[PDB]
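Chemist: To start, I am sharing the structure in question, which I have written as structure tokens.
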Amino acid sequence: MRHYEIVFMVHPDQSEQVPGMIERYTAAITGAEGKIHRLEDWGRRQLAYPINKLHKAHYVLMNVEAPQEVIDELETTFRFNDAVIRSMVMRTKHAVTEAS
Amino acid sequence: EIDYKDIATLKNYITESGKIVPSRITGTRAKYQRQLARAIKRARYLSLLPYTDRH
Amino acid sequence: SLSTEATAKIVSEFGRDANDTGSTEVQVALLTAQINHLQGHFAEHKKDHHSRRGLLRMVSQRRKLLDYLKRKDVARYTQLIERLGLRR
Amino acid sequence: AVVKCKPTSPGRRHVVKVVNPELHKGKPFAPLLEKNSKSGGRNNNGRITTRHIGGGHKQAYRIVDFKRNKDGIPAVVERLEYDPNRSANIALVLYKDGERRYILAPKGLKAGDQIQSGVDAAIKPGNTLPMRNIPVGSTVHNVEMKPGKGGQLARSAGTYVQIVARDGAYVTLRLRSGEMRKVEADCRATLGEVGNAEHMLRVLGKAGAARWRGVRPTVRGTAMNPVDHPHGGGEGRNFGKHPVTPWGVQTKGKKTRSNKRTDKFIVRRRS
Amino acid sequence: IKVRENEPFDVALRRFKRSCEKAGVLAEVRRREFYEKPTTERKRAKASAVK
RNA sequence: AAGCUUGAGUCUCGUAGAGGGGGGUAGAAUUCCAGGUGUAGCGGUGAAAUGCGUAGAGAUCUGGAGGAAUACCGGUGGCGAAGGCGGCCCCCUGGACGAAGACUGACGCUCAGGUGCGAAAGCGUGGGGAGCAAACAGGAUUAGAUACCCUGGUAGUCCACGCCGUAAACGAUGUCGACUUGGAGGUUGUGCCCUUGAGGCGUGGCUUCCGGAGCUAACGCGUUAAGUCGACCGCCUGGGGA
RNA sequence: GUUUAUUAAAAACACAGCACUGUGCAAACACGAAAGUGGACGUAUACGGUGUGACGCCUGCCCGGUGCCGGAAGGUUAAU
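Structure below.
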């Protein structure tokens with residue numbers, strides 16, 4: 001398996017739907033043989049380039065150790081509600097587990 | 019180094035107009051200047067910096 | 001190069017007769033175990049324009065070991081070309 | 001696949017066919033078969049209404065279930081078959097209840113693989129999941145121009161059609177005709193693609209090879225007498241007029257669309 | 003640090019010294035090795051300050 | 001015939017970049033789609049038309065969409081056999097390079113024929129047309145202007161691809177082997193350092209630019225040789241005409 | 001292949017191929033006092049039409065006339 005940060009911007013107004021979306025996404029990724037290292041979301045976060053016409057985002061991170069055979073098939077889970085774009089999996093650049 | 023997407027660092031290597039500063043005004047070796055340019059270009063694809071300050 | 005979990009499955013098969021496993025019988029069996037990997041590879045995305053150059057590098061490496069073995073021992077040669085997917 | 005014939009014996013030289021070994025050829029499922037009677041290019045009012053028609057070799061019709069009456073039923077694709085009636089070919093659907101229907105042959109040509117129906121179905125190809133549940137950017141085929149009206153719009157061979165945009169309780173798609181069209185999104189479509197796509201590469205090669213296909217030769221308007229077509233023969237190389245159909249319509253540039261009922265569904269033309 | 007002003011602005015401020023075309027990027031490229039070989043006559047750096 | 005381990009190939013370990021392959025994807029400007037704010041200009045030349053234009057052209061803006069090329073970085077840069085290849089992400093994937101040991105035990109080098117590979121333009125089967133534009137039109141400049149300017153515009157460029165083998169395919173260096181003199185500079189392995197360094201020094205690969213011997217008529221080549229010297233395969237012996 | 005049954009048997013017509021074009025589906029188009037049909041149990045690689053004539057070389061100019069495509073300011077102008 002390989003390490004992936006899997007961090008997506010999310011529309012800033014979805015900040016209280018995020019806990020249910022990340023439940024729905026994590027409920028597919030453990031059967032896909034992924035191990036969770038760090039699972040985070042911020043809110044009140046900003047951009048310098050607009051996405052969905054906004055300079056504002058929530059940010060959601062699902063940093064995992066996962067099979068390389070399912071990392072584009074991951075899109076089938078993002079299309080399972082189709083409310084989020086660009087998973088940005090980011091293969092092996094940095095890693096933190098829980099907080100360390 | 020230590021998670022490259024640090025916009026406070028990347029803003030120290032660009033002009034007021036957002037242009038990449040030439041290696042001679044930072045004393046930077048070309049080995050690092052090309053990787054710093056890659057980091058600044060990637061930061062546009064992270065939405066942390068505009069592609070031009072004009073937009 | 002081939003992994004220690006895979007080389008050990010081939011050396012026990014092409015190195016039965018003698019304790020020293022240095023024969024080109026083993027060297028071409030270990031090569032076929034890596035040509036199997038670069039031949040597939042192809043599918044997914046069977047079409048190619050450069051990676052098959054590494055396959056035609058293995059063609060020479062295969063042809064050389066067979067010429068060397070045919071010069072070495074006619075019995076160990078004729079027995080080997082019947083135990084692999086060689087010459088159609 | 002596509003094949004040319006060898007120039008051995010006179011007349012074979014130019015003949016090009018479409019061929020496919022991945023698709024079956026034989027007799028149709030008899031409960032979905034009828035002979036489908038000819039009109040002869042004539043109607044109940046005793047006159048010709050069609051041209052280039054008559055004769056041909058023996059042919060029946062394979063009944064495709066374009067207008068559907070129920071939802072929710074699990075199925076499997078039992079056959080992938082050739083169909084002389086359509087360029088898109090045909091596939092046999094077997095529902096768990098012991099019921100069979102025909103559909104247009106999907107681009108993947110795969111048999112013995114399950115498909116689900118209704119709004120509970122997974123967001124997967126070939127499922128009977130209507131456009132209100134599907135992501136924008138998906139491929140649909142036989143897109144159902146108006147809901148409940150069944151399979152029409154973009155159903156001939158090589159079609160896929162992609163959903164381009166959302167417009168509230170509607171979705172908009174793009175056509176190879178240069179048209180971009182809005183639909184009421186309760187439309188089912190085939191949630192996938194259709195096969196063949198090689199049918200424009202065919203070359204008939206012979207002057208008789210349309211005759212066994214129910215086609216009859218049709219004389220040029222300026223070669224027949226002036227009493228039957230507004231052209232009318234001369235006098236060598238005469239013409240001296242603006243070119244028209246046998247019924248006076250100018251053959252080029254002159255437009256004939258006159259519907260004016262549903263313009264609000266058409267977003268762009270000649271795109 | 004030539005322009006640096008954002009928001010309100012007056013007069014020209016286009017014509018500056020140092021960086022872009024001489025001192026010490028762009029122009030003079032026909033001199034080639036004059037950009038490296040003269041060392042301490044044309045190059046201050048050396049580390050310990052601003053690389 | 002038989003050794004020998006040095007050539008060669010195999011192996012232990014890994015990295016940067018436009019090397020290759022399959023998919024996912026985005027914006028400026030532009031055009032189309034659908035519309036507003038507003039009025040004689042637009043655009044451009046030494047000077048000016050045509051054209052778009054009051055029927056609202058240009059300017060400006062909201063919503064949507066297409067396609068090429070992927071600005072800056074970008075050049076004392078990388079990767080590569082040549083042509084070349086850049087844009088962001090993922091999966092697959094070729095080739096290079098080094099130290100202490102391991103393995104075969106001359107297994108190697110080159111190579112008539114043989115099998116392979118285009119920057120472009122073109123053609124062929126089928127698509128596609130925003131940007132640009134041969135051809136051709138309109139208007140100018142002028143002796144004329146078959147050119148530049150300027151209003152348009154087909155083929156082509158793009159793509160699924162196929163054929164060809166085209167060129168300044170010119171960084172003019174066929175492929176292998178080996179000996180020799182210094183410096184300024186960068187990168188990548190690999191091994192060290194009495195590391196008071198904000199680093200230093202050995203030793204391989206790549207590698208820019210000067211420079212000593214020697215060779216050439218001369219430029220210069222200059223340890224990555226045009227010096228020195230073995231192995232293999234092609235080419236040369238006036239031009240016009242070819 | 002087709003033909004003027006008894007003066008023409010063909011280079012004409014048809015025809016593989018081609019361009020240009022109409023047609024978004026209750027298609028365009030055709031029949032016709034108008035329904036209901038035919039197009040089609042087809043749906044843009046589907047259907048209509050014109051001419052030229054398979055295959056290889058290919059295929060320029062003139063928008064004045066007339067028609068078609070498109071455009072709406074200004075003027076002529078009927079019923080009312």
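Residue numbers (PDB author numbering), protein chains in the order written: chain AF, 1 to 100; chain AR, 19 to 73; chain AO, 1 to 88; chain BC, 1 to 271; chain AU, 3 to 53. Yeah, the Cβ is synthetic: ideal placement off N, Cα and C, and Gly gets one too.
1. For a quick check, are the C-beta atoms of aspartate 21 of chain AR and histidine 94 of chain AF less than 7 Å apart?
2. Does the beta carbon of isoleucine 123 of chain BC sit closer than 7 Å to a beta carbon anywhere in chain AF?
3. Is the beta carbon of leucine 104 of chain BC less than 7 Å from the beta carbon of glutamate 78 of chain BC?
4. Please name the residue in AF:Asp13, AF:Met1, AF:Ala66 whose C-alpha comes closest to that of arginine 45 of chain AF.
5. What residues from the region 47-73 of chain AF come within 7 Å of chain AR, judged by C-beta to C-beta, listed N to C?
6. Straight-line CA distance for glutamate 9 of chain AU to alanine 26 of chain AR?
7. Nearest-angstrom Cα distance between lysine 124 of chain BC and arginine 270 of chain BC?
8. Residues of chain AR with a CB under 9 Å from the CB of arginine 6 of chain AU: which are they?
9. Rounded to a whole number of angstroms, what is the C-alpha to C-alpha distance between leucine 39 of chain AF and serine 60 of chain AO?
10. Hey, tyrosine 69 of chain AR and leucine 54 of chain AR: beta-carbon distance below 7 Å or not?
11. Straight-line CA distance for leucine 32 of chain BC to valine 64 of chain BC?
12. Have a look at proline 243 of chain BC and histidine 50 of chain AO and give me their C-alpha separation to the nearest angstrom.
13. Rank BC:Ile266, BC:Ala88, BC:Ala1 by C-alpha distance to the C-alpha of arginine 181 of chain BC and give the top, closest one.
14. Just how far apart, CA to CA, sit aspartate 83 of chain BC and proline 106 of chain BC?
15. Considering only their Cβ atoms, is the gap separating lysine 35 of chain BC from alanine 60 of chain BC smaller than 7 Å?
16. For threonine 27 of chain AR, report the span of its alpha helix (DSSP H) as first-last.
17. Unbroken beta strand (DSSP E) runs of length 3 or more, entirely within the region 65-107 of chain BC: which are they?
18. I'd like to know if residue 4 of chain AR contacts chain AU, where contact means its C-beta is closer than 7 Å to some C-beta of that chain.
19. For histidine 94 of chain AF, decide whether its Cβ has a neighbour in chain AR, counting only Cβ atoms nearer than 7 Å.
20. Taking Cβ-Cβ distances below 7 Å as the criterion, which residues of the region 10-28 of chain AU are in contact with chain AR?
21. Which partner residues does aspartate 41 of chain AF have in the DSSP bridge list?
22. Taking Cβ positions, are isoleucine 22 of chain AF and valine 64 of chain AF nearer each other than 7 Å?
23. Identify every residue that forms a DSSP beta bridge with residue 333 of chain BC.
24. Interface residues of chain AU around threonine 46 of chain AR at Cβ under 9 Å?
25. Can at least three beta-carbon pairs, one atom from the region 118-135 of chain BC and one from the region 189-200 of chain BC, be found at a separation below 8 Å?
26. If you measure between the beta carbons of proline 135 of chain BC and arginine 79 of chain AF, is that distance less than 7 Å?
27. Within 10 angstroms of its Cβ, does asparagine 52 of chain AF collect 16 or more other Cβ (buried), or is it exposed?
28. Out of BC:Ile48, BC:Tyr102, BC:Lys206, BC:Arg213, state which residue places its alpha-carbon closest to the alpha-carbon of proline 246 of chain BC.
29. Look at the Cβ atom of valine 161 of chain BC, then the Cβ atom of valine 183 of chain BC, and state whether they are nearer than 7 Å.
30. Nearest to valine 26 of chain AO by CA position, among AO:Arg53, AO:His45, AO:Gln79, is which residue?
31. Since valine 16 of chain BC is in the alpha helix (DSSP H), which residue starts that stretch and which ends it?
32. Spatial neighbours of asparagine 20 of chain BC within its chain, please: C-beta separation below 7 Å, excluding the five flanking residues on both sides.
33. Can at least three beta-carbon pairs, one atom from the region 13-26 of chain AU and one from the region 38-48 of chain AR, be found at a separation below 8 Å?
34. List, in order along the chain, the chain AF residues whose C-beta lies closer than 7 Å to that of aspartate 21 of chain AR?
35. Which partner residues does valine 28 of chain AO have in the DSSP bridge list?
36. Could you tell me the boundaries of the beta strand (DSSP E) in which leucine 173 of chain BC lies?
Modeler: Quick answer:
1. Residue mapping note: residue 21 of chain AR aligns to position 3 of the second sequence, counting from 1. Residue mapping note: residue 94 of chain AF aligns to position 94 of the first sequence, counting from 1. Yes. Within cutoff.
2. The residue labelled residue 123 of chain BC in the question sits at position 123 within the fourth sequence. So, interface residue.
3. Here residue 104 of chain BC is taken as the residue at index 104 of the fourth sequence, counted from 1. Here residue 78 of chain BC is taken as the residue at index 78 of the fourth sequence, counted from 1. No, the pair does not count as a contact, with Cβ atoms beyond the cut-off.
4. Sequence index remark: in the first sequence, residue 45 of chain AF carries index 45 (1-based). Among AF:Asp13, AF:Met1, AF:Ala66, the Cα nearest to that of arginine 45 of chain AF belongs to AF:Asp13.
5. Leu47, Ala48, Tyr49, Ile51
6. To locate residue 9 of chain AU, count along the fifth sequence from 1; it is residue 7. To locate residue 26 of chain AR, count along the second sequence from 1; it is residue 8. Whole-angstrom Cα-Cα distance: 21 Å.
7. As a first step, residue 124 of chain BC must be located in the fourth sequence, where it is residue number 124. As a first step, residue 270 of chain BC must be located in the fourth sequence, where it is residue number 270. About 32 Å.
8. For the purposes of this step, residue 6 of chain AU is identified with residue 4 of the fifth sequence, where counting begins at 1. The answer, in chain order, is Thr33, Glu34.
9. In the first sequence, the residue the question calls residue 39 of chain AF occupies position 39. In the third sequence, the residue the question calls residue 60 of chain AO occupies position 60. Distance between the alpha carbons of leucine 39 of chain AF and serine 60 of chain AO is about 51 Å.
10. If you number the second sequence from 1, residue 69 of chain AR lands on position 51. If you number the second sequence from 1, residue 54 of chain AR lands on position 36. Not a contact, by the Cβ cut-off of 7 Å.
11. As a first step, residue 32 of chain BC must be located in the fourth sequence, where it is residue number 32. As a first step, residue 64 of chain BC must be located in the fourth sequence, where it is residue number 64. Straight-line Cα distance between these residues: approximately 8 Å.
12. Walking along the fourth sequence from the start, residue 243 of chain BC turns up at place 243. Walking along the third sequence from the start, residue 50 of chain AO turns up at place 50. Taking the straight line from one Cα to the other gives about 57 Å.
13. Position 181 of the fourth sequence, counted from the first residue, corresponds to residue 181 of chain BC. Of the listed residues, the one whose Cα sits closest to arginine 181 of chain BC is BC:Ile266.
14. As a working note, residue 83 of chain BC is residue 83 in the fourth sequence. As a working note, residue 106 of chain BC is residue 106 in the fourth sequence. If I take the Cα positions, the gap works out to 13 Å.
15. To locate residue 60 of chain BC, count along the fourth sequence from 1; it is residue 60. To locate residue 35 of chain BC, count along the fourth sequence from 1; it is residue 35. Closer than 7 Å, so yes.
16. Taking the second sequence and counting its residues from 1, the one referred to as residue 27 of chain AR is at position 9. 25-28 is the span of the alpha helix (DSSP H), which, as asked, contains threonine 27 of chain AR.
17. 75-81, 90-95, 99-104
18. Beyond the ends of chain AR as shown, which are 19 and 73, falls residue 4 of chain AR; an answer cannot be given.
19. As a first step, residue 94 of chain AF must be located in the first sequence, where it is residue number 94. Interface residue, yes.
20. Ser21, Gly26, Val27
21. Reading the first sequence from its first residue, position 41 is the one you call residue 41 of chain AF. According to DSSP, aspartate 41 of chain AF bridges with AF:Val60.
22. Position 22 of the first sequence, counted from the start, is the residue given in the question as residue 22 of chain AF. Position 64 of the first sequence, counted from the start, is the residue given in the question as residue 64 of chain AF. Going by C-beta atoms, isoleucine 22 of chain AF is not nearer than 7 Å to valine 64 of chain AF.
23. Residue 333 of chain BC lies beyond the stretch modelled for chain BC, which goes from 1 to 271, so this question has no answer here.
24. Here residue 46 of chain AR corresponds to residue number 28 of the second sequence, with the count starting at 1. In chain order: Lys53.
25. yes
26. Stepping through the fourth sequence from its first residue, residue 135 of chain BC is reached at position 135. Stepping through the first sequence from its first residue, residue 79 of chain AF is reached at position 79. Result yes, Cβ atoms of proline 135 of chain BC and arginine 79 of chain AF sit closer than 7 Å.
27. Position 52 of the first sequence, counted from the start, is the residue given in the question as residue 52 of chain AF. Exposed, because fewer than 16 other Cβ atoms sit within 10 Å of the Cβ of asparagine 52 of chain AF.
28. Residue 246 of chain BC sits at position 246 when you count from the first residue of the fourth sequence. The option with the nearest alpha carbon to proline 246 of chain BC is BC:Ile48.
29. Indexing the fourth sequence from 1 puts residue 161 of chain BC at position 161. Indexing the fourth sequence from 1 puts residue 183 of chain BC at position 183. Not closer than 7 Å, so no.
30. Working through the third sequence from its first residue, we reach residue 26 of chain AO at position 26. Ranking AO:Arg53, AO:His45, AO:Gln79 by Cα distance to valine 26 of chain AO puts AO:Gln79 first.
31. By one-based count along the fourth sequence, residue 16 of chain BC stands at place 16. Element bounds for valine 16 of chain BC: not the alpha helix (DSSP H) but the beta strand (DSSP E), 16-18.
32. By 1-based counting over the fourth sequence, the position of residue 20 of chain BC is 20. Closer than 7 Å at Cβ, skipping near neighbours: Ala1.
33. yes
34. Taking the first residue of the second sequence as 1, we reach residue 21 of chain AR at position 3. Residues of chain AF passing the Cβ test: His94.
35. Within the third sequence, the letter at position 28 stands for residue 28 of chain AO. Partner(s): none; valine 28 of chain AO has no beta bridge.
36. Stepping through the fourth sequence from its first residue, residue 173 of chain BC is reached at position 173. Counting along the chain, the beta strand (DSSP E) containing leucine 173 of chain BC begins and ends at 171-174.
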